[PDB]
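Secondary and tertiary structure notes
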Amino acid sequence: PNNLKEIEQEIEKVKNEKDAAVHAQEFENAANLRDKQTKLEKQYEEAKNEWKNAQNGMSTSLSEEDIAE
Amino acid sequence: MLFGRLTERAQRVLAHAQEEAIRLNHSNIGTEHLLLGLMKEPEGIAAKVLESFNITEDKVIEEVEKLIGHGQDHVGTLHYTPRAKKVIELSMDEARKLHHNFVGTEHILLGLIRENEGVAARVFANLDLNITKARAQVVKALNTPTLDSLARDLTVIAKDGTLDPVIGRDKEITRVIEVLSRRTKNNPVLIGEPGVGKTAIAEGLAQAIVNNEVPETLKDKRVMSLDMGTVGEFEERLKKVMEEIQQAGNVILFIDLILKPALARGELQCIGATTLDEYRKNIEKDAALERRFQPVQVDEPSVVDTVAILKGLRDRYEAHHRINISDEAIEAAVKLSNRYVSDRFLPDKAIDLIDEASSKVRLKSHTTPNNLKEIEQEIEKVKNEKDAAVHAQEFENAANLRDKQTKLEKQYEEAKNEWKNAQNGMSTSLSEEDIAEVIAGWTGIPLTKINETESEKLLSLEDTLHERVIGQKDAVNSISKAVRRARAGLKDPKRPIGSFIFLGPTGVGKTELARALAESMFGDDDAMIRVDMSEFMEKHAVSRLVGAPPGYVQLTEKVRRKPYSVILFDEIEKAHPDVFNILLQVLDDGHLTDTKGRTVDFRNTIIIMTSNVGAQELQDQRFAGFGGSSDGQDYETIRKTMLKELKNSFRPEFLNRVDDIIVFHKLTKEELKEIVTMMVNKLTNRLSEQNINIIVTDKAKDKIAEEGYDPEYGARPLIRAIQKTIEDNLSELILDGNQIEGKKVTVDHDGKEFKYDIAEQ
Amino acid sequence: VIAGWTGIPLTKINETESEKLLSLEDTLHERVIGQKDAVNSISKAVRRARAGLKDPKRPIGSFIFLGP
Amino acid sequence: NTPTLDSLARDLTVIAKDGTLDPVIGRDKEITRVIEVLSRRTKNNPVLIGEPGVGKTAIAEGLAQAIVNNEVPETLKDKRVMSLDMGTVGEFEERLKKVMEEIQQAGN
Ligand SMILES: Nc1ncnc2c1ncn2[C@@H]1O[C@H](COP(=O)(O)OP(=O)(O)O)[C@@H](O)[C@H]1O
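Residues numbered from 1 in each chain as written, not as in the entry; some residues may be left out. Chains lettered and ligands numbered in written order. Part of a larger assembly, values for the part shown. Heavy atoms only, no water. Residues with missing side-chain atoms left out of burial classes, pairs and counts.

As summarised from the PDB record, the model derives from cryo-EM at a stated resolution of 3.70 Å.

Under the annotation held in the PDB entry, chain D carries the name ATP-dependent Clp protease ATP-binding subunit ClpC and is attributed to Staphylococcus aureus. The title given to this PDB entry is "S.aureus ClpC tetradecameric resting state".

Per the PDB entry, chain B is named ATP-dependent Clp protease ATP-binding subunit ClpC, and its organism is Staphylococcus aureus. Database annotation for chain B, UniProt heading Function: "Required for growth at high temperatures, probably by acting as a chaperone during heat shock and targeting heat-denatured proteins for degradation by ClpP. Required for biofilm formation. May act as a chaperone regulating CtsR activity." As stated in UniProt under Subunit, the record for chain B gives "May interact with ClpP." (UniProt positions renumbered as here; feature names shortened; annotations may be inferred.)

Structure representation (structure tokens):
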């Protein structure tokens with residue numbers, strides 16, 4: 001639902017940014033990025049779990065409209 | 001994988017370069033703008049590399065300001081120069097060389113020096129810095145094996161990002177995964193003609209897997225393809241492979257003709273790509289296989305769709321050739337390639353057309369314009385002379401030669417620098433005219449014919465037809481109005497361009513008019529497929545034009561290869577009735593399907609049928625009275641009367657589907673005079689090398705016109721009369737050791753025969 | 001050299017191919033006595049094609065003969 | 001410098017550099033077409049097609065001639081003209097696999 005998409009993208013760019021710091025020996029910034037990534041993943045798990053939890057709230061059923069299409 | 005790899009420092013470099021162009025008043029961001037913004041971020045690895053080289057920000061500011069160049073600019077559409085985009089491709093490529101998944105400022109400087117043509121490239125060269133010196137400087141500062149034996153993974157390659165972004169297949173990528181998520185018939189088979197890009201579908205799906213767009217049900221699956229050429233011994237290999245795939249559980253097979261039980265048990269999810277003809281012959285007959293495959297049709301993208309596809313790849317080609325490509329150039333390229341080339345479909349044929357167009361203009365504007373070649377010869381000749389002087393112990397003479405040669409080399413660099421500075425001043429954009437040149441060579445069509453805008457050509461069709469056809473203006477007006485209505489859009493697009501019936505005396509211009517129409521519309525005289533009903537009289541004749549029926553060993557093949565042509569059906573009044581049934585289908589449906597299932601098109605064709613009926617009715621009007629005729633009646637009145645005879649022999653249902661009916665008149669003495677006039681002009685241009693002008697008097701023209709005068713045979717004998725009279729005498733003059741050379745020959749009938757007055761031009 | 005390669009007569013080589021056509025009528029009647037109409041018709045046709053009146057791509061000679 | 005390619009294949013750009021053989025004259029369109037194809041991005045690998053006996057091998061000499069003349073653009077600069085010999089070619093495929101490693105790395 002257009003939420004875990006962008007959140008996952010931020011995790012990707014953060015990981016690349018940390019890799020650049022590691023190869024450049026900029027460990028001062030790398031330490032901050034490591035904690036930031038953990039923050040992103042922590043909220044990522046909660047956001048995904050609540051989404052699938054709400055998915056079970058409603059049941060997807062077919063209808064003659066779908067077959068008509 | 002561009003935005004996802006550029007680090008924050010690299011992103012700030014692009015932002016700095018954008019405002020550098022604003023300060024310098026440039027409407028396009030050049031390579032030199034990247035260098036200016038690069039020095040404003042002294043934190044990256046590249047900053048350390050230049051630091052060890054004692055290269056400061058201000059030193060390169062004045063270095064680039066020597067040949068910066070200044071001019072006017074337009075706010076908006078501040079794109080990158082064709083060379084600038086090549087730098088980004090180079091820097092990203094160098095990242096994979098070092099096995100880096102990120103692109104930073106350390107790679108921006110690495111790629112800048114590899115351009116070798118840009119402004120920034122020369123700045124580094126002037127500081128005795130090359131690619132090799134900076135290369136090592138930054139280095140120190142920094143499973144189903146049997147299945148894999150005869151196959152190739154695809155999503156692994158797509159992970160690298162080297163694959164071009166497949167566009168326009170989104171409706172089919174979703175379609176394929178839709179078929180997969182089914183309990184039955186979960187094995188889609190792509191059906192289409194070869195070369196339309198069926199293999200490109202697999203790459204698009206694998207790209208979505210890497211990009212994380214497929215749902216969880218289609219997440220983390222190894223895309224695998226098996227080549228048909230990899231094949232007792234053959235049977236042993238496949239048995240081992242299928243067992244391994246069953247263990248993995250996420251291997252998607254890709255094939256292109258034992259294994260039937262494997263698919264019946266739901267063990268494999270192969271995606272075939274065989275042709276329609278083979279599918280109906282080897283798969284359709286098998287009921288078990290039929291219940292396990294869902295064919296998916298693969299079609300050529302539309303013209304408007306191809307525009308978007310080419311725009312996506314436009315940036316990629318702008319880097320390789322360093323050639324600016326305009327938007328209007330792309331739309332012209334695809335439309336013209338589809339219009340004339342009809343052998344490879346879109347977009348695989350439009351991509352190469354713009355590829356050769358960019359390369360062609362690249363070579364012409366790259367070679368030295370005879371400014372450094374002359375100087376190079378001067379340097380070379382002095383060197384050889386000086387070497388010979390050394391062997392002669394001419395030390396004093398060699399001293400003068402040394403000074404001269406040094407001066408020549410001094411001017412050589414100056415001329416090269418100013419020549420390339422001027423080259424960088426302008427943009428080597430691509431024009432649609434250049435594209436028209438390449439396609440013109442591919443077909444031999446004159447560039448003027450291709451350059452026609454198709455708008456005024458339709459308006460002036462009446463005049464153009466009169467050039468090659470003389471007389472019967474009523475026929476010309478009716479057909480010209482008919483075709484311009486269909487092209488204007490007033491007719492159903494699926495219906496053919498036009499359908500007509502030609503009547504009147506035989507050999508009066510019926511064939512010539514069709515040739516003239518084909519030349520004027522389609523730009524070629526021989527763009528006609530003449531078909532005569534002489535061979536089509538029996539019922540079995542229908543199995544000839546449509547192709548051989550199954551179990552056995554024409555027209556559909558010809559029209560498919562030339563979608564833009566004029567089809568002529570002579571002797572339509574004498575044909576098998578079953579052939580008429582096919583004709584009615586073509587007029588309304590607008591397309592046909594052969595025995596092989598391939599569908600031909602008729603929306604770019606004009607159908608003309610020649611019938612011998614009604615001609616005897618017309619001559620009955622000519623012989624109704626002794627010395628009179630019915631030419632003074634209204635043209636529509638004659639059309640109504642002839643329609644009665646036309647419906648007498650044919651079916652009224654067929655006639656109602658015909659756009660218009662054309663009836664040709666007779667020929668008179670005055671008309672025949674102008675007929676020979678055209679042929680004289682044609683023959684004059686025939687021997688254009690000799691440059692000989694022939695003028696025939698009116699009396700001589702009338703003398704030969706009546707010689708071939710035969711209303712029964714029309715104007716057919718007229719051509720033969722000229723061949724036996726003027727050609728025979730003229731040829732003998734040339735055979736006599738070129739008797740006439742650039743002279744003028746006048747033919748005047750003196751009362752007995754044609755007096756061949758021999759004179760000069 | 002060419003005469004000794006394929007046995008071509010030297011006189012034929014010396015011909016300029018400009019008067020052979022002029023004497024075609026005499027040569028044809030040497031082996032085909034009579035039927036003058038069949039000889040003059042084809043003799044006056046080859047000159048037109050060789051002069052360049054006909055299309056160069058199309059073959060010079062194209063005829064169908066009738067009779068026993 | 002692809003040492004294995006030099007041994008298992010014949011090098012022609014060196015011969016063209018010395019100019020010992022007669023220059024190719026008359027094949028102006030063929031040479032200009034090949035360089036045009038090599039400057040393309042897609043399908044930029046031309047293949048010479050002709051009847052056996054029109055000296056297609058001699059045509060390849062003209063391409064190397066332009067390099068020595070320094071007439072080809074910067075894109076074609078520094079490209080050794082190497083021709084494989086069928087005399088040298090399991091064990092058959094060992095040689096081709098060994099040579100292709102150096103060719104890809106060199107890139108010129
Ligand atoms: N400009 C012209 N105007 C009128 N008639 C022409 C013109 N040019 C050629 N023709 C005539 O058109 C005729 C075409 O004959 P054609 O229709 O093929 O005969 P058939 O109908 O028996 O096949 C030629 O014999 C020629 O004399």
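A separate point is the overall build of chain D. Assigned secondary structure in chain D consists of five helices and two strands. Along chain D, helices and strands appear, N-terminal first, in the series α-β-α-α-α-β-α. Counting only C-alpha atoms, chain D reaches 45 × 30 × 30 Å along its principal axes. (Helix = DSSP H or I, 4+ residues; strand = E, 2+ residues; numbered from the N terminus.)

This paragraph deals with a negative patch on the surface. Together, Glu41, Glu45, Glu46 and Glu50 of chain A make up a region of like negative charge exposed at the surface. Here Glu45 of chain A is to be found in helix α2 (residues 27-55). (Patch = residues over 30% accessible without salt bridge, like charges linked within 9 Å, V, L, I, M, F, W, Y side chains within 5 Å. Areas by Shrake-Rupley, 256 points an atom, 1.4 Å probe, with all protein chains shown as cover. Salt bridge = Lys/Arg side-chain N within 4 Å of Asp/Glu carboxyl O. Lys, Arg positive; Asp, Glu negative; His and termini not counted. Charge placed at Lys NZ, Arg CZ, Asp CG, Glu CD.)

Below, the discussion takes up the packing of helix α20 (residues 372-391) of chain B against helix α21 (residues 395-425) of chain B. Residue and element names in this part refer to chain B. Axis separation between α20 and α21 bottoms out at 9 Å; the angle between their running directions is 160°. In terms of orientation, α20 lies roughly antiparallel with respect to α21. Judged by the sense of rotation from one axis to the other, the crossing of α20 with α21 is left-handed. Contacts between α20 and α21 involve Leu372, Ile375, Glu376, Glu378, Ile379, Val382, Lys383, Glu385, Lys386 and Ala389 from the first element and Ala398, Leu401, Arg402, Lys404, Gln405, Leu408, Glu409, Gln411, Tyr412, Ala415 and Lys416 from the second. (Axes fitted to C-alpha atoms, helices over the stretch in contact; angles between N-to-C directions. Parallel < 35°, antiparallel > 145°, perpendicular 65-115°, else oblique. Left-handed = near helix turned anticlockwise from the far one by under 90°. Contact = heavy atoms within 4.5 Å.)

As a further point, take the interface of chain D and chain B. Every contact between the two is made by eleven residues of chain D and, on the other side, 19 residues of chain B. Buried surface at the junction of chain D and chain B, both sides included, amounts to about 1,500 Å², of which 47% is carbon and sulfur. When residues of chain D are sorted by the area they lose upon contact with chain B, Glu36, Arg40 and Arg41 of chain D head the list and together hold 44% of the total. For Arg41 of chain D, the salt bridge goes to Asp164 of chain B, with nearest N and O atoms at 3.6 Å. The tally of links between chain D and chain B comes to nine residue pairs in polar contact. Each residue belonging to the side of chain D that touches chain B can be placed in one class, and the counts come to two nonpolar, three polar and six charged. (Buried area = accessible area lost by both parts, 1.4 Å probe. Polar contact = N/O pair within 3.5 Å; in protein donor to acceptor, adjacent residues only side chain to side chain. Nonpolar A, V, L, I, M, F, W, Y, C, P; charged D, E, K, R; others polar.)

Moving on: the sheet that holds strand β4 (residues 251-252) of chain B. Residues and elements named next belong to chain B. Strand order in this open sheet of three strands is β1-β3-β4, and the pairing throughout is mixed. Taken across any chain shown, the strands that pair with only one partner, and hence form the sheet edges, are β1 (152-153) and β4. Here two bridges tie β1 to strand β3 (residues 222-225), and the two strands are oriented antiparallel to one another. Looking at β3, one finds that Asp153 is bridged to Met224. (Pairing = 2+ DSSP bridges.)

What follows deals with the interface of chain B and chain C. With 13 residues of chain B in contact, the opposing surface of chain C contributes twelve residues. In this assembly, chain B packs against chain C so that about 1,100 Å² is buried in total across both faces, 60% of it on carbon and sulfur atoms. On the chain B side of the interface with chain C, the three residues burying the most area are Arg686, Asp728 and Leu735 of chain B, jointly 49% of the side's total. Across the chain B-chain C interface, the total number found is two salt bridges. One salt bridge connects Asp728 of chain B with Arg48 of chain C, and the closest N-O pair in it is separated by 3.8 Å. For the side of chain B that touches chain C, the secondary-structure elements that each account for two or more residues are α34 (669-686) and α36 (716-735) of chain B. Residues of the side of chain B that touches chain C, tallied by class, amount to three nonpolar, four polar and six charged.

Next up on the list: the packing of aromatic side chains. If you walk through the whole model with that rule in mind, you get four aromatic pairs over all chains. Taking 6.2 Å as the distance between ring centres and 80° as the angle between the ring planes, the aromatic pair formed by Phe522 of chain B and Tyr564 of chain B counts as edge-to-face. Ring centres of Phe580 of chain B and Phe654 of chain B lie 5.6 Å apart, and the angle between their planes is 80°; this geometry places the pair in the edge-to-face category. Of this pair, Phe580 of chain B sits in helix α30 (residues 577-589) while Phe654 of chain B sits in helix α33 (residues 652-657), placing them 74 residues apart in sequence. In this structure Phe654 of chain B comes out as buried when scored by relative accessible area, which is 1%. One aromatic cluster is present, built from ring pairs that chain together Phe580, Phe650 and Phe654 of chain B. The ring centre of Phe53 of chain B lies 4.6 Å from the NZ or CZ of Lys133 of chain B, which sits over that ring. It is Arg41 of chain D that lies over the ring of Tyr317 of chain B; its NZ or CZ is 5.1 Å from the centre. (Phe/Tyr/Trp six-rings, centres within 6.5 Å; stacked < 30°, edge-to-face > 60°. Buried < 20%, exposed > 50% of the residue type's maximum accessible area, 1.4 Å probe, protein only. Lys NZ or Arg CZ within 6 Å of the ring centre and 35° of its normal.)

As a further point, take the pattern of salt bridges. Residue and element names in this part refer to chain B. Tallied over the full model, the rule gives 55 salt bridges over all chains. Between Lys449 and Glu519 there is a salt bridge; the shortest N-O distance is 3.9 Å. Here the residue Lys449 occupies a position in helix α23 (residues 447-451), and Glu519 occupies one in helix α27 (residues 510-522), the gap between them amounting to 70 residues. Using a relative accessible area of 22% as the deciding quantity, one classes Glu519 as partly exposed. Here the residues in one salt-bridge network are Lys85, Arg314, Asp315, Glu318 and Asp327, joined through shared partners.

It is worth spelling out the packing of helix α17 (residues 303-320) of chain B against helix α18 (residues 327-340) of chain B at this point. All names here are of chain B. Put simply, α17 and α18 touch, their axes get as near as 10 Å, and they point 130° apart. Judged on the interaxial angle alone, α18 and α17 are oblique. In this structure, α17 crosses over α18, and the sense of that crossing is right-handed. Residues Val303, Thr306, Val307, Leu310, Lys311 and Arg314 of α17 pack against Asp327, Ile330, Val334 and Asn338 of α18. Across the contact of α17 with α18, the residue classes break down as five nonpolar, two polar and three charged.

A separate point is the sheet that holds strand β16 (residues 744-749) of chain B. Residues and elements named next belong to chain B. Ordered in space as β15-β16-β17, the three strands form an open sheet in which the pairing is mixed. Sheet topology places β15 (693-696) and β17 (754-758) at the edges, where each strand pairs with a single neighbour. The mean inter-strand angle of the sheet, taken between neighbouring strand axes irrespective of direction, is 20°. As defined by bridge partners, β16 adjoins β17 across five bridges and the pair is classed as antiparallel. Paired with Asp748 across the two strands is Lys755, which belongs to β17.

In this section: the site of the ligand. Residues and elements named next belong to chain B. Around the ligand sit 15 residues in total, of which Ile470, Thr506, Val508, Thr511 and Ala715 are the nearest. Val508 places a main-chain nitrogen or oxygen 3.1 Å from a nitrogen atom of the ligand. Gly509 places a polar main-chain atom, nitrogen or oxygen, 3.2 Å from an oxygen atom of the ligand. In isolation the ligand offers 580 Å² of accessible surface; the protein chains occlude 77% of this area. Listing elements by their share of the shell around the ligand, those giving two or more residues are α27, α34 and α36. The residue makeup of the shell around the ligand, split by class, is seven nonpolar, four polar and four charged. (Near = heavy atom within 4 Å.)

This next bit is on the arrangement of the chains. If you rank the three pairs of chains in contact by how many contacts each has, first place goes to chains B and D. Regarding chain A and chain D, the two do not touch, and the least distance separating their C-alpha atoms is 25 Å. Chain C shows no contact with chain D. Their nearest C-alpha atoms sit 21 Å apart.

This part is about a nonpolar patch on the surface. All names here are of chain C. Taken together, the side chains of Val1, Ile2, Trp5, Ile8, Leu10 and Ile13 make up a nonpolar region of the molecular surface, amounting to roughly 670 Å² of accessible area. Along the polypeptide, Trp5 turns up in helix α1 (residues 3-6). With a relative accessible area of 68%, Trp5 lands in the exposed category.

Note on placement: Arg5 of chain B falls in the segment before α1 (8-24). With no salt bridge to any partner, buried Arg5 of chain B finds its closest opposite charge in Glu12 of chain A, at an N-O distance of 7.0 Å. Only 3.4 Å separates the side chain of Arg5 of chain B from the backbone oxygen of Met1 of chain B, close enough to count as a polar contact. With sequence-adjacent residues up to four places away left out, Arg5 of chain B is seen in contact with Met92, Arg96, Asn101, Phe102, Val103, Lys159 and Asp160 of chain B.

Moving on to the nonpolar core. Residues and elements named next belong to chain B. Counting residues in each nonpolar core, the largest one holds 35 residues, and the members touching the most others are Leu465, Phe500, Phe502, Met521, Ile662 and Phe664. For this core, the secondary structure elements donating two or more residues are α25 (461-468), α26 (473-488), β8 (498-503), α27, β10 (565-570) and β13 (605-610). At seven residues, α27 tops the list of elements feeding residues into this core. Every residue in contact with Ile662, bar those within four places of it in the chain, is listed here: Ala475, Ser478, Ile479, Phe500, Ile501, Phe502, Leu503 and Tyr635. The next biggest cluster of nonpolar side chains, apart from the first, holds 31 residues, and it includes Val531, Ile572, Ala575 and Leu618. (Core = buried A, V, L, I, M, F, W, Y, C linked by side-chain atoms within 4.5 Å.)

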